[PDB]
Amino acid sequence: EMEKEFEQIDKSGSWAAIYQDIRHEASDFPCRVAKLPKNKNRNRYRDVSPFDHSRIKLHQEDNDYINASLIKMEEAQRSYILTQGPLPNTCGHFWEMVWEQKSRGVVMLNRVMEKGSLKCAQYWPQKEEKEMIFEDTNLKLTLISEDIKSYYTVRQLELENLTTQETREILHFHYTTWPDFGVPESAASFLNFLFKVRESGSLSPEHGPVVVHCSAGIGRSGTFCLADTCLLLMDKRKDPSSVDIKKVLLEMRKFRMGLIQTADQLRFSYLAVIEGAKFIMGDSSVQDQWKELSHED
Ligand code: VO4
Ligand code: VO4
């Protein structure tokens, strides 16, 4: 089991070595479009790029590049789009991607300002009466409502294709207490938030893939997706023992580089999946225990 392995890695304190082995075996595919000169100002970080084979293409003829990867989990039957925190010049591209991919939810794992630096553009409206128009992609974005909890906020947004006047409801799930290169405060807090996203419909197959991002879109974003996919695999079989976390993470890293950025994020992933297994294997009451322990009030 993952719990035995977990205890076999703590004992020997070999989380650094396990995680480094993940880094050494991880896929290496080209990111030639990302590195084209004309795309320099569409990338937030030099060293975080989408692979060409899995990148999201915008449906525009000018320049279809966005720093975003489709993570398609075949066995689990769930897809995610992982992207960087939009730049001041890519907020129109970001919402264009949400529209064209038919996403219902956006999961944001970072704060706009972290450790005194701007990590992400303010790409959604903070006030109902102050809507946003992205002139380049011809899209309108209105804040419809907000539900502020102690460590996360859920927003209902209305996204409108101004060309066709069609409108969609987008749910924005904003985790505000997860430090960059850090871990959530508890398994319970993380799982309470993940199950909030799940319960919204945003991850369901009748919608486009959920969009998940932090500043770079690999560390916190990878931790979130890895936990969700592992729990889903366990769910399909009701067989916690058939789930190999390291193998799942390596499969995900075929679609975007760098997923999970520290050995303690890897270790936290194990914690989250082990705890979440209690719900999957039949203990429904544990979901209310997470909500209490997370102190969202
Ligand atoms: O470019 V792919 O055939 O790996 O979706
Ligand atoms: O914004 V991250 O360093 O959690 O990919």
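Count begins at 1; order follows the chain as displayed.
Header lists the method as X-ray crystallography, 2.1 Å.
Cβ atoms are placed via backbone N, Cα and C, with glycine included.
Look at Swiss-Prot and you will find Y19, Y65 tagged as phosphotyrosine. Residues annotated as phosphoserine in Swiss-Prot: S49, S241, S242. The substrate binding site annotation in Swiss-Prot covers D180, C214, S215, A216, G217, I218, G219, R220, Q261. For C214, the entry in Swiss-Prot reads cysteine sulfenic acid (-SOH). Annotated S-nitrosocysteine per Swiss-Prot: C214, in sequence order, evidence recorded as experimental evidence. Per Swiss-Prot, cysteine sulfinic acid (-SO2H) is recorded for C214, and the stated evidence type is experimental evidence. Per Swiss-Prot, the feature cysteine persulfide maps to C214. The active site, phosphocysteine intermediate annotation in Swiss-Prot covers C214.
Where Swiss-Prot records a feature, it is marked here on the structure.
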residue: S49; record: phosphoserine; DSSP (3 states): coil
residue: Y65; record: phosphotyrosine; DSSP (3 states): strand
residue: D180; record: substrate binding site; DSSP (3 states): coil
residue: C214; record: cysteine sulfenic acid (-SOH); DSSP (3 states): coil
residue: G219; record: substrate binding site; DSSP (3 states): helix
residue: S241; record: phosphoserine; DSSP (3 states): helix
residue: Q261; record: substrate binding site; DSSP (3 states): coil
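Candidate recorded positions: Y19, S49, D180, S215, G217, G219. Those with a Cβ under 6 Å from ligand 2, in sequence order, are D180, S215, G217, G219. Around the Cβ of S215 (substrate binding site), the number of neighbouring Cβ atoms within 10 Å comes to 24.
Of all the binding-site residues in the list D180, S215, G217, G219, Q261, the shortest Cα-Cα distance to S49 (phosphoserine) is found for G217. Cα distances from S215 (substrate binding site) to the modified residues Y19, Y65, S241, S242 are smallest for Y65.
All protein chains considered, the CB of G219 (substrate binding site) has 23 other CB atoms within 10 Å. Taking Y65, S241, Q261 as the recorded positions under consideration, the smallest Cα distance to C214 (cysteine sulfenic acid (-SOH)) is found for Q261. Cβ neighbour count for the residue listed as 'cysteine sulfenic acid (-SOH)': 28 (other Cβ atoms within 10 Å of its Cβ, all protein chains included). In the three-state DSSP assignment, the secondary structure recorded for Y19 (phosphotyrosine) is helix. Listed in chain order, the extra residues whose Cβ falls within 8 Å of the Cβ center of the substrate site residues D180, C214, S215, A216, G217, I218, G219, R220, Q261 are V48, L109, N110, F181, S221, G222. With respect to their backbone Cα atoms, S241 (phosphoserine) and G219 (substrate binding site) stand 25 Å from each other.
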